[PDB]
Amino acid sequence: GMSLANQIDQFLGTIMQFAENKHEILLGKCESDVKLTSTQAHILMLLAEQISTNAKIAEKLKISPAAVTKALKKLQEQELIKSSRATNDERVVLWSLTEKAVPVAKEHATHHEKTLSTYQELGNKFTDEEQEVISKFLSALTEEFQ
């Protein structure tokens, strides 16, 4: 029965507790021990879908080619991805998952879907009017953190 301010405080405290040293909030049992940044895991997820290039990656992930390079290089060092050259265009460097990465990508993607479906399920317990309230609260609150 605390104030909303206190409940918001506890909620955000619970998020930071839950995040521990991670920078991404993800639900779902987590088996992998492969320490990845979020940008790195998202490259993995992308490549689980389709062998891709740094251009297509930067575009898809809406980050800079430079940041894609940094992540690829780290992923590659960890032998989670491997570069190849496109058979039809020698200028084209492709990136794809190594077999070691496939479960890592598929796991992170499963987290994403588990998390999002949990939020959607929650969302669905509220009526439109309630969802607008929650959406307006979230927007206001998000603004305080940007």
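Note that residue numbering follows the sequence shown and begins at 1.
- With 111 to 119 and 35 to 43 compared on mean CA B-factor from the PDB entry, the stretch scoring higher is 35 to 43.
- As the entry records it, the average C-alpha temperature factor is higher for 26 to 34, out of 99 to 107 and 26 to 34.
- Ranked by Cα temperature factor within the chain, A140 sits in the lowest third according to the deposited record.
- The entry lists a Cα temperature factor for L61 that places it in the highest third of the chain's modelled residues.
- Among the modelled residues of its chain, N21 has a C-alpha B-factor that falls in the highest third, as given in the PDB entry.
- When the modelled residues of the chain are ordered by C-alpha B-factor, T87 sits in the highest third.
- When the modelled residues of the chain are ordered by C-alpha B-factor, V93 sits in the middle third.
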